[PDB]
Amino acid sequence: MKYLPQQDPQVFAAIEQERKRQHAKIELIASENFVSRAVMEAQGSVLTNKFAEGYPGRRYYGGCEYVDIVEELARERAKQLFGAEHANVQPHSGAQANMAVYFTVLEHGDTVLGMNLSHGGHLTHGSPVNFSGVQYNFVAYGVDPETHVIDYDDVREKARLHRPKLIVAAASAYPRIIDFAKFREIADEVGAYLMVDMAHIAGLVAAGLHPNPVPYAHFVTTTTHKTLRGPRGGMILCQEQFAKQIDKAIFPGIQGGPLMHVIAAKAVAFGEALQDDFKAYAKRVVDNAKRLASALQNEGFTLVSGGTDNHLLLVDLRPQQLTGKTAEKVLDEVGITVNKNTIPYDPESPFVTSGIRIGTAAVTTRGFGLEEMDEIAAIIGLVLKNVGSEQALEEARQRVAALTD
């Protein structure tokens, strides 16, 4: 940086602390990643100066010839990556992408069926303190109490009882592959649209490591950040038949001007994801998660669903008589970043919880591999088995520092 340090010492000092923090800590929050310098440069471009309400070649303001090229690059690369017939790369966020889909197909008070929030569903899939739960009538399907896999007979029964206009599939804390074919079958049986929110798994989908919901869903929403490793923002994919309606939902429906600099950054991230080395990266993410899962089980931890098919795992801390809140706090003390997370059928509140969620996307980006997974597991075991031992915590602190260099 050249200009920020002189113009704004306070902001610069804080940014620098954050940059150094990113390097020093072991980032295990499952939605986190590290974007490339190219992505950041795109975001830091003069494209922030351009008002571009509307769409490429159909803008409501002049001078968009070049931002049109940028947006089209984003859309076309997204279509290549996911085999979708249409992309909308304007959503400011995953929440806004979801909001737009809901706005497209639902009327106020319509019934929607989404994954139970405490079983792995997202806030925007029907929380009563979120616009989704306030604006529409959400009902929930659950995972099996033993296996923690989505109970597809429960999805079907809920669908048949409540007759939702829309079924939502996908999750923020589900460690197994989701069966989109079964979701579409149930949707078809009850005449509901299927929306898949693939935010967590989009990078894995791009790399062919998770089944693609695009052929099965009427609408697919996603973040451009997370496993896709792009800038923070949203995207919608759909077949040509819904394109016009989806585009109108985003603008003039729910947003105004798009963030063209962020859209440039989206294009860059999609370009990266199209490369062979991204496929290799994504496989390491999944390999690392499986290895970390195995190594945690070796330490004596119980995992929700007994392991993982993707980038993330959930530790059920009940056998250790620890809350997720306690585990999160003590791990923070040694420089390991996780989040407390409800487990299915959790006896604790979402503010306390019986679990921690862990993902490998961020550490994989930093070049961590299988050996590092073993060591991370060992450090977690050391800490959580010795929460009252400052000596143990200091050892953990030193081992964390050894990993981050």
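Counting begins at 1, following the sequence as shown.
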Item to complete: Output the stretch having the higher mean C-alpha B factor in the entry; the candidates are 261-269 and 312-320.
Response: 312-320
Discussion item. Per the record, averaged over C-alpha atoms, which has the higher B-factor: 289-297 or 236-244?
Written reply: 236-244
Practice prompt. In terms of CA temperature factor as recorded, identify the highest of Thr221, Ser93, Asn88, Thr104.
Written response: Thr104
Worksheet item: Among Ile343, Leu28, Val39, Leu47, which carries the highest Cα B-factor?
Response: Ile343
Worksheet item: Against its chain's modelled residues, does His200's Cα B factor rank lowest, middle or highest third?
Response: middle
Worksheet item: Should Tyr281 be placed in the lowest, middle or highest third of its chain by the C-alpha B factor in the entry?
Response: lowest
Worksheet item: Sorting the chain's CA B-factors, does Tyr136 end up in the lowest, middle or highest third?
Response: highest
Item to complete: Report the third (lowest, middle or highest) to which the CA temperature factor of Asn386 belongs, ranking only the modelled residues of the same chain.
Response: highest
Worksheet item: If you rank the chain by CA B-factor, which third does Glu348 end up in: lowest, middle or highest?
Response: highest
